[PDB]
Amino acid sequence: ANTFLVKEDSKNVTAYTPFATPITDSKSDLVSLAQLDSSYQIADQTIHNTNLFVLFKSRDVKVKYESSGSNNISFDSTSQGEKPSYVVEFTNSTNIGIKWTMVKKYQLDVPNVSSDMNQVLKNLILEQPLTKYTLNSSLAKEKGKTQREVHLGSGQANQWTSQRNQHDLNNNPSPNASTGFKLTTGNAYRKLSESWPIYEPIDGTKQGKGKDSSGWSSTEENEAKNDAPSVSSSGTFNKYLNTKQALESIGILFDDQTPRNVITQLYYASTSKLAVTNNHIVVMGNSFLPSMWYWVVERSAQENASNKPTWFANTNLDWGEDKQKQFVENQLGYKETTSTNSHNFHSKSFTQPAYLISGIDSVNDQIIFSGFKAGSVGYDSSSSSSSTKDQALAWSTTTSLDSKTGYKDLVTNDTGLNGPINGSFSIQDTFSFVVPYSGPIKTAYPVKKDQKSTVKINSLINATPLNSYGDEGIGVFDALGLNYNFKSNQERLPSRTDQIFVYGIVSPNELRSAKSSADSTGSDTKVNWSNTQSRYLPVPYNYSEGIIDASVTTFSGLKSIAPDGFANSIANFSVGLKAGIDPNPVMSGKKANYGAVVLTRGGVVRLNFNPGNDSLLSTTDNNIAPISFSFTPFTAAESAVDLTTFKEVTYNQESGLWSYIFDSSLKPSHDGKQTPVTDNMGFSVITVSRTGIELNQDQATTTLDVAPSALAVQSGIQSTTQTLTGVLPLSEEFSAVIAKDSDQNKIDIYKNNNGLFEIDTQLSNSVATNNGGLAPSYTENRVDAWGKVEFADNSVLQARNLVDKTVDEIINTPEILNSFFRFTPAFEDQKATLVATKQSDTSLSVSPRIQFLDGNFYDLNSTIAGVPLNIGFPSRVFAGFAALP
């Protein structure tokens, strides 16, 4: 379509021309049109084959989780709670203007709960969500029991070497390796039926009550409300932050001052992004909260059909290598055939249960996704005397120093496969948190053989891509990517459980298996997505300060200098996954290239695909890192963009460029210290381009051993003073910004100067002078948005002997009618031609056809959405041509 769709507010979408003007009467309330009540809002939208697909969600949604019986997850039918999310297909019913009509409506039903799933869900506990204001110390949790304290006990230390073989820990050199973190302090963990607090501990190693809900509601909540009162009063904020406004801003739903239960937050967050193919509509969660399910809706689905979501716990991904999946799964929980009521995701044969999804997109008939693996480990929930009582079972899985350099060798290294190994080591005088070595060294799950049947190991899901929160040195180095080998090349030692980025391309058949997994009766049915990969993607270490390397730096002491809008410098985040077809042609006989980009903290990730079979791009050499992923670090200008203010990402096929829009109005109203936020004005635009040698350019590039990449550039289009309406990327050379510098909409034209966009004030003024019409005015004597056209005098015909030629000959000779005017372009390479019309046997008229900022030509008959633009182009009559030859 020749128009740009601009979401005006949470309900209205307006169609805009390339001249940054709204099409008259195009403003449409899509919630009302979808026959949804006013509690609904637009979550996301996409165009598929000229139709508009809109995802809607209700602020009134109330979900319940009942442990007893069946159909455990349900909408709260009392009062106004049965408000499921919907996907609606709209069509434009008019040839003149925009008139949206609803074609299909798809309800997104709550997930089915099998018996095996419900045994995990009953004791499932979820960490309170990370906000803009969560500190590194907020995330820090008290260190758990050592490997020796768990297996041997409180007696002595010298018996490790002689008793480790009985507990299957042969040659394990780490009796003081941590088995996890305590759940009696720190960030709140809540059951599906429970609610998270609006309070965040400043120091989670001392404050907060962890999973101790009763301890929070009886003593600590009073302490928190006293220290951190919500604004009206003036509080202290010595011990807790009050992030209520930051929680509302990331989609946390409330009943006055109380957040709704966890399952409501999960349902509401899970219906945030959509992607459309010929057969399917796919719905995924947002990047603020972990999601446990996604919807695969068959476009053929009949009206008033409940569309069921598929659990990620039933969705087996290819993590790159089987060991990579084994690392994640072994740390999910304790799996043992001789234990009663010890149900977790591992013991019940489920896979990774949750992700922080960056987004979803479609290219051809393929779905592309990405996200971070949300941390998920086992925890001891028993009551009486357990050594790990109220402790989460988590440990570092960073590759050892003596590992062979080569991607496959590093990621399949056995270090920390089944249990703890890393911590603190000093060989001669060289210190490392990582083991120097890998019969063989034995790792084992942190459950002692005696308390095997009497143990209750359940599941937890973290709010970030970290598994282990334990306040020790290894945690910092794992989260920041600071573990390096002592070899000549000095390679980075990867984690296999912390900061794991996930991505893939999903086919129609893989979507069909997810749909049957979602509709399966009885026991769980599984889906395998084979064109997926994983990647250790830590946060930049330069987002932190004062780290000791040669007393160690832990989470409770780590100083954040993160410039990207987060108070923390340890948890990764991603946003705006967007795919795009490369406009650059491939060699004959090869399919058109396409890729995807996504923003992460401190850089852009590029995803690479082989379009020959819609697979991930790969290379034969296993020593090379999977070439379907490439990470490019941001410079200071990109790192300064507040990633929590991401509004939207668009791709332009002609330019081959992605445009990421950031809107500062998306910032919360108040701080964690209940202080009004004042830098909520303005916006920013990041432009992403591809870099490197692409596939199928010539015979030499039919195979690749180097991953194509991307480059994010804070383009020069930004403001700290205007309220943004929209950014129109007209061409590689120009962008139009619609903003309010008051209550009224203003048009600003930004011109691309050798990679850097700069405001062109004279062009802005030309474009904005439309006199209430849809397009910029036309003035004869001015070099305006249409350049300047000066017509030759009629005397040119006699002087050049063109009078001997006929009207029909002149009209059929482009080079001649180009000599009837002189053009002055308003911008370099702006083109103009004359359109000729016979008026009589001896005369014709000419009218210019002129290129605008979008690269398109406009003339007297031009329309947008079928509406005549009536620009005001002149007509010039030339007379005195021969009647016949």
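Here, rigid core means the biggest group of C-alpha atoms that superpose within 1.5 Å across both forms. All residue numbers are counted from 1 along the displayed sequence.
- Stretch comparison, 647-655 versus 483-491: after rigid core superposition, larger RMS CA deviation in 4 other deposited structures of this protein is found for 483-491.
- With every structure aligned by its rigid core, 150-158 is the stretch of 776-784 and 150-158 whose CA positions lie farther away in 4 other deposited structures of this protein.
- Going from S438 to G439, you skip over 4 to 9 residues of the deposited sequence that the entry leaves unmodelled.
- The deposited sequence places 10 or more unmodelled residues between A550 and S551.
- Comparing the deposited coordinates for 145-153 and 780-788, the stretch with the larger average C-alpha B-factor is 145-153.
- In this entry, 523-531 shows the higher mean Cα temperature factor of the pair 523-531 and 259-267.
- Comparing the listed residues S766, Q653, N593, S381, the entry records the largest Cα B-factor for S381.
- Based on the entry's C-alpha B-factors, the most elevated value among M681, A305, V282, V87 belongs to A305.
- In the deposited entry, the Cα temperature factor of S68 places it in the highest third of its chain's modelled residues.
- Ranked against the other modelled residues of its chain, the C-alpha B-factor of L317 as given in the entry falls in the middle third.
- Ranked by C-alpha B-factor against the other modelled residues of its chain, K239 falls in the middle third.
- When the CA B factors of the chain's modelled residues are split into thirds, the value for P420 lands in the highest one.
- Per the deposited record, the Cα B-factor of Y355 falls in the lowest third when ranked against the other modelled residues of its chain.
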